[PDB]
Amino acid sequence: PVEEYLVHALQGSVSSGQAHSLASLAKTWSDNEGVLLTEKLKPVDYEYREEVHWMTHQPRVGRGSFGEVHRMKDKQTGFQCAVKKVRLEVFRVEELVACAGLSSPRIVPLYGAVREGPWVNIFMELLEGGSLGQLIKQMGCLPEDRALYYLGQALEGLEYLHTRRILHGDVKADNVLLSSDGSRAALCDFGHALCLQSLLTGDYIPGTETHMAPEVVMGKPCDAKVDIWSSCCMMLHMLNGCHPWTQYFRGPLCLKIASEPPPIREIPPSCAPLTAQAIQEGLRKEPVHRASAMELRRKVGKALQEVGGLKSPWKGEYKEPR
């Protein structure tokens, strides 16, 4: 009964507070209200409005799929961080309910979320290295040791999420952010996230088509293993410099994911045996036979050891795709 009253006290105002208050308030998002989780972003007289209390970077350059992520600055404190705009009308409660209260170096920290009119503005740490997607484009494709190194870090994040029965729902290079030197990778974008205990029912927004697991596309029941398939599709993208399936099939790719064998022919022949063995185990069509996050993180960790550890520089020379 008191949660009713706690929620009412948050509605109508932007406040400094904790993750659990943000989650409580976020649930009412299917007027300027919100909760800011860091001292660096401060409301002013119950408010936190764009171009008043915080401003985006000089010419408005945008990143992510929809150009919806921006560099910003709190006008009072001068602290810079990142903001992701989500339209309120299609806002998914889970995006905040999942990541709020998490604390792992493999997941990008949440700094707050403020509703203003038709927007939900979600604030987070600005990681200056850019996404792993941008790295692949710039370098053409990644060397094996660097590819393993990041896959392992992504899988560390997934262990952490899977232990709390949270599915990421859209694991890929565009959703892994790198620190300024390239040595730390963290999962971002919980817009497709999901709490656990099939996916094709009403509320569900599907992830990236190329990285979809077979049980997702056939409408079969789905668990945390979904993410593992995606992580290995991301592995192939890092190595080959292109998504799986795109090179061999032009038409609707979700029909070929269902019928065809898993894309293990796309594993480079020059990869070391345990790299190829690891990718095969994460790309088993039946989730019961497919490696878990913990299982796969351990193999990938030894696969990296088997090729002499992380040696190649962050931004080496361009390597041509397939």
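Sequential numbering from 1, following the sequence displayed. Take the two forms, find the largest set of C-alpha atoms that superpose within 1.5 Å, and that set is the rigid core.
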*Fit on the core, then compare CA atoms: does 131-139 or 240-248 lie farther from this form in 8 other deposited structures of this protein?*
240-248
*asked:* Quick check: by Cα RMS after rigid core superposition, does 115-123 or 97-105 differ more from this form in 8 other deposited structures of this protein?
replied: 97-105
*Unresolved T201 in a third or more of other entries flanked by modelled residues*: yes
*Report, from the record, the number of residues in the deposited sequence between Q197 and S198 that have no coordinates, as none, 1 to 3, 4 to 9, or 10 or more.*
4 to 9
_Residues of the deposited sequence that sit between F66 and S65 yet are not modelled_ = none
*Can you let me know which of the two, 218-226 or 155-163, has the higher average C-alpha B-factor in the entry?*
218-226
*If you average the CA temperature factors over each stretch, which comes out higher, 50-58 or 270-278?*
50-58
*Taking the Cα B-factors listed in the entry, which of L102, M234, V176, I122 comes out highest?*
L102
*asked:* Ranking the modelled residues of this chain by C-alpha B-factor as given in the entry, is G112 in the lowest, middle or highest third?
replied: lowest
*What third of its chain's C-alpha B-factors does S15 belong to: lowest, middle or highest?*
lowest
*Compared with the other modelled residues in the chain, in which third is the CA B-factor of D181?*
middle
_Chain-wide C-alpha B factor ranking for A293, given as lowest, middle or highest third_ = middle
*Mind checking which third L135 falls in for C-alpha B-factor across the chain?*
middle
